[PDB]
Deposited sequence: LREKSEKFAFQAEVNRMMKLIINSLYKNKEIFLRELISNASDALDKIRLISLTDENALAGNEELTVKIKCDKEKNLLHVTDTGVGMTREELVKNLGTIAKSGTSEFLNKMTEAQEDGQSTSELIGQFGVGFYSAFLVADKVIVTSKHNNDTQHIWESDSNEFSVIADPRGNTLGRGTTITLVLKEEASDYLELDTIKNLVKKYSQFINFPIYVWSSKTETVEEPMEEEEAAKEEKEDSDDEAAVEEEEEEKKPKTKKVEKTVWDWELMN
């Protein structure tokens, strides 16, 4: 069932521009993933204004982050609109929106003339690729109301998508799972993550939680705002 895809040339070029723009500020990948989560939540929220049963799959509007130090994984899960199988392929593997092309041109000129680029990344919502600054593999699990749950996975050299054999476990939404590089093990530390989530979530309009422990050890979702 697993279908293999090559990234579109432009996406390969875009990944490299992003990586180089944020190379000395890797922590920004988290800000971009939170921003993506927020936007996805805003979208399902707007859809609920016109579709009564829009939230049926998962009545919560949240962003939940968990570290799995013992598995070397960082998970960022939102209960936003999600993506159908076709949207996974299109959004992650091609220059989907008319605007991505715009970002690509603007990014190239800005990078050429020394103008700041981190803002452009956030403006066009193409920050996902910055996850490759800290991860050897990025996995995206998503569930949209119009489709079944699928998994997209990539080490940046190609990507594949398969129907999730685990069924509908998200309800609705998306999980970004990062298999962290050795040099990035710091992001597996709850304290580093909380501090970062807190620094990048005060502006978000949705509640953001991190699976944290107290220690007898108490494990639960801690609100960062």
message: Tell me which segments of the deposited chain sequence are not represented by C-alpha atoms in this structure.
response: 1-3, 219-259
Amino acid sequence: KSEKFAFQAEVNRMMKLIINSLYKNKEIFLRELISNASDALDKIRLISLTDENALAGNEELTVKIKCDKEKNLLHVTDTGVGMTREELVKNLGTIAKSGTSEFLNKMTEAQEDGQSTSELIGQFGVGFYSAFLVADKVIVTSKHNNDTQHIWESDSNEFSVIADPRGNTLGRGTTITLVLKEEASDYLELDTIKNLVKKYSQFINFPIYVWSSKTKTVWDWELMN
From here on, numbers count along this sequence of modelled residues.
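Here, rigid core means the biggest group of C-alpha atoms that superpose within 1.5 Å across both forms.
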- request: Output the stretch, either 24-32 or 170-178, that has more C-alpha displacement from this form in 9 other deposited structures of this protein following superposition by the rigid core.
  value: 24-32
- line: Superposing the other structures by the rigid core, the farther-displaced stretch by RMS over CA atoms in 9 other deposited structures of this protein, of 200-208 and 13-21, is 13-21
- prompt: Where the other entries model residues on both sides, is residue 113 skipped in at least a third?
  reply: yes
field: Other entries omitting residue 129, at least a third
entry: no
Between the two ranges 61-69 and 152-160, the one averaging a larger CA B factor in the entry: 61-69
- request: Mind pulling up the entry and telling me whether 98-106 or 127-135 has the higher mean Cα temperature factor?
  value: 98-106
- prompt: If you check the C-alpha B-factor for each of 32, 27, 42, 191 in the entry, which is highest?
  reply: 191
- line: Assert third(CA B-factor, residue 175) within chain per record equals lowest
field: residue 78 by Cα B-factor - lowest, middle or highest third of the modelled chain
entry: lowest
- prompt: According to the PDB entry, is the CA B factor of residue 141 in the bottom, middle or top third of its chain, that is, lowest, middle or highest?
  reply: lowest
field: Record-listed C-alpha B factor of residue 205: chain third
entry: highest
Chain-relative CA temperature factor third for residue 169: middle
